[PDB]
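What follows is the residue order along each chain.
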Amino acid sequence: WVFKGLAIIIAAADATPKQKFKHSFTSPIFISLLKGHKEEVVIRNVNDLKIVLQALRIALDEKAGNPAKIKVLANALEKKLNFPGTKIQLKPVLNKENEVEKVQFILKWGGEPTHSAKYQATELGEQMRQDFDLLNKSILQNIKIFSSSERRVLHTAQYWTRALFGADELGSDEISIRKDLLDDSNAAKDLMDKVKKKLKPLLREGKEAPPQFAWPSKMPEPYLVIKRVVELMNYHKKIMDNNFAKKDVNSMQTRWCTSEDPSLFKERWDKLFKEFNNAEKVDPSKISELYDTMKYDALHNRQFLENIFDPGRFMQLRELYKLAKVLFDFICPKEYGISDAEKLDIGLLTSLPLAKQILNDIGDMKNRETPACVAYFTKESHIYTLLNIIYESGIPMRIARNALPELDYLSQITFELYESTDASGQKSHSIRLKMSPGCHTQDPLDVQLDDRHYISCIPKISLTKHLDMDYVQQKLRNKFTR
Ligand SMILES: O=P(O)(O)O[C@@H]1[C@@H](OP(=O)(O)O)[C@H](OP(=O)(O)OP(=O)(O)O)[C@@H](OP(=O)(O)O)[C@H](OP(=O)(O)OP(=O)(O)O)[C@@H]1OP(=O)(O)O
Ligand SMILES: NCCC[C@H](N)C(=O)O
Ligand SMILES: [Zn+2]
């Protein structure tokens, strides 16, 4: 076998925690924000956000909704609309006459690439440049690059491209944005809500029997884990307030940087403490937010994390990190489906266009005369969903899904093509699928980092051996029907 092509899907590099407030309103002033649209509307322009802020202040005075919940939205928008990455999503709910009866107001902020992202992307670009210059130098001449429109994703694509070609500047003709392929799609959101509601009793209610729900034996039931996290969160809230109120906070870390100062720290945790103070109220969506900030602070605000939660790897803190990782490893992946059928549909509804694109590119690479590579830089969601398509296709795998490592920043899915032009002109092809969990550490509270705050990438692990190409395409294309 000899290498012919590579189709590699790459997730975004290190980024700031993603946070969101979501509330639904039916009052006309909130419906008018859609401006007649009956599909999801995204607002990013800062001036449009200032207009919405004014609308929220009107809504508050008019009591066009829960005033307390409108206040938090308005105050959060006012503070964050001047920060890159802040956007508003308006999801209309249509009645039986295709009339908007309700709109979901989602305020999102964060998710920006950190200063560390460039190291992870550059590391990957240099390693792959090395790899290609040892397999076939001609591969560098046939690179095709796609990217999501999300800022953290394109940031990753740009530094990877610079490292791969060894270049400073870069033209817009080299990276092609494909929103249809690599951005999130609300196509599966109708079915992901069915899943989200099925998870709430598991985490809140004292006893709810799950069918086909992976969970480690050494851990108690999920609702107990939630109750202990709430206890740990309420515990750390009191420590943090006591330390802010009493001690000099500006001396709890010898060096502060952009996005790494105690005021932003308190803002993030104040939100999470509010959302993790009642086990019977915990939203499964907020487990990922809790774990994302915990990764961020242990990675970018390590010293302050120690000192502001010091009562006087702290044991109550290590316990909190360990329990949060369990919830993120066995609850968050199942927002993309609990049962195999759910993981399959949701996986298809989300990433079918990308999946077809990969197979077609793989199909083209067989027929080429020159070796090539196609890199897809994608939002986090497509990696989860695409792996589910791989397993639920019936393709023989080398490792089971439950055994797969936790997906982290810059995790990759790889489709390696090898051609068999031997046996006369008869040309056969084998495809081997590999993945990497990205830049991950299993001991975030114990690793010692320098000013780069940079986690190295984990080498790839093989999901399959060399499989007949025509076989691997049929098993995938058989599931595209439903
Ligand atoms: O208006 P919505 O229906 O679009 O959104 C509501 C819905 O959220 P979700 O569907 O998961 O997105 C409720 O979930 P759910 O399980 O009851 O599902 P259903 O209500 O049957 O649809 C949720 O109640 P819970 O999960 O805590 O029990 C409620 O939270 P909270 O603020 O405490 O308000 P109240 O519960 O005190 O009224 C939400 O109100 P918003 O603030 O407007 O978002
Ligand atoms: N129509 C459902 C898929 C469309 C996708 N949410 C998009 O706007 O790209
Ligand atoms: Zn940092």
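Asks: Would you mind going over the coordination of the zinc ion (ligand 3) with me for this structure?
Replies: A four-donor tetrahedral metal ideally has 109.5 degree angles, and a six-donor octahedral metal ideally has angles of 90 or 180 degrees. In the first shell of the zinc ion (ligand 3), the protein supplies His115 (NE2), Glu260 (OE), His300 (ND1) and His453 (ND1), at 1.9 to 2.3 Å from the metal. Taken together, the four donor atoms coordinating the zinc ion (ligand 3) and their angles of 103 to 118 degrees define a geometry best described as tetrahedral. Of this pair, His115 sits in the loop between strand 5 (100-110) and helix 4 (117-135) while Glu260 sits in the loop between helix 8 (222-246) and helix 9 (262-275); the two residues are 145 residues apart in sequence, bridging distant segments of the chain. Note on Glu260: relative accessible area 3%, which makes it buried.

Asks: Can you walk me through the site of ligand 1 in this structure?
Replies: What surrounds ligand 1 is the set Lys22, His23, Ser24, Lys69, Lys102, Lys196, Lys197, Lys200, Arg204 and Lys281. A distance of 2.6 Å separates an oxygen atom of ligand 1 from a polar side-chain atom of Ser24. The protein chains hide 48% of the 740 Å² of surface that ligand 1 would expose on its own. Looking at which element gives the most residues to the shell around ligand 1, the answer is helix 7 (residues 189-204), with four residues.

Asks: Would you mind going over the domain arrangement of the protein chain with me for this structure?
Replies: You'll often see interface size given as the accessible area lost when the parts meet. Partitioning the protein chain into domains gives domain 1 (2-14 + 114-186 + 338-481), domain 2 (18-110) and domain 3 (214-329). Taking both sides of the interface into account, the surface hidden between domain 1 and domain 2 amounts to around 410 Å²; carbon and sulfur atoms contribute 36%. Where domain 1 touches domain 2, the interface holds three salt bridges. Between domain 1 and domain 2 we count one residue pair in polar contact in total. Its residues assigned to classes, the side of domain 1 that touches domain 2 shows no nonpolar, one polar and four charged.

Asks: Teacher, can you tell me more about helix 5 (residues 151-165) here?
Replies: For the α-helix, the turn length of 3.6 residues means that residues three or four positions removed from each other point alike. Its 15 residues give helix 5 an end-to-end C-alpha distance of 21 Å, which sits within 8% of 21 Å, the value for a rise of 1.5 Å per residue. What helix 5 keeps buried is the set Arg152, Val153, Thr156, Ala157, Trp160, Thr161, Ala163 and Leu164. Axial view of helix 5: buried residues confined to an arc of 165 degrees, hence all on one face. Where helix 5 ends, the next residue or the one after it, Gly166, has phi of about 60 degrees, a positive value.

Asks: Help me understand the sheet that holds strand 4 (residues 87-94), please; the structure alone is not making it clear to me.
Replies: Picture the strands of a sheet paired through backbone hydrogen bonds; they go either parallel or antiparallel. In spatial order, the strands read 2-5-4-3; together these four strands make up an open sheet with antiparallel pairing. A strand with exactly one partner marks an edge of an open sheet, and here the two such strands are strand 2 (18-25) and strand 3 (41-43). Adjacent strand axes in the sheet meet at a mean angle of 20 degrees, parallel and antiparallel pairs treated alike. Looking at chain direction, strand 4 and strand 5 are connected through eight bridges and run antiparallel. For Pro92, the partnering residue across the bridge sits in strand 5 and is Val103. Along the sheet, helix 2 (residues 46-62) contacts strand 3, strand 4 and strand 5; its crossing angle with strand 3, the most-contacted strand, is approximately 105 degrees.

Reading the values: rules and limits
Residues numbered from 1 in each chain as written, not as in the entry; some residues may be left out. Chains lettered and ligands numbered in written order. Heavy atoms only, no water. Residues with missing side-chain atoms left out of burial classes, pairs and counts. Donors = N, O, S within 2.8 Å, 3.2 Å for Na, K, Ca; no water. Tetrahedral: all angles 85-135°; square planar, octahedral: opposite > 155°, others 65-115°. Helix = DSSP H or I, 4+ residues; strand = E, 2+ residues; numbered from the N terminus. Buried < 20%, exposed > 50% of the residue type's maximum accessible area, 1.4 Å probe, protein only. Near = heavy atom within 4 Å. Polar contact = N/O pair within 3.5 Å; in protein donor to acceptor, adjacent residues only side chain to side chain. Areas by Shrake-Rupley, 256 points an atom, 1.4 Å probe, with all protein chains shown as cover. Domains from an automatic or database assignment. Buried area = accessible area lost by both parts, 1.4 Å probe. Salt bridge = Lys/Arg side-chain N within 4 Å of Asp/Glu carboxyl O. Nonpolar A, V, L, I, M, F, W, Y, C, P; charged D, E, K, R; others polar. Expected span 1.5 Å × (residues − 1). Arc of directions from axis to C-beta. Pairing = 2+ DSSP bridges. Axes fitted to C-alpha atoms, helices over the stretch in contact; angles between N-to-C directions. Contact = heavy atoms within 4.5 Å.

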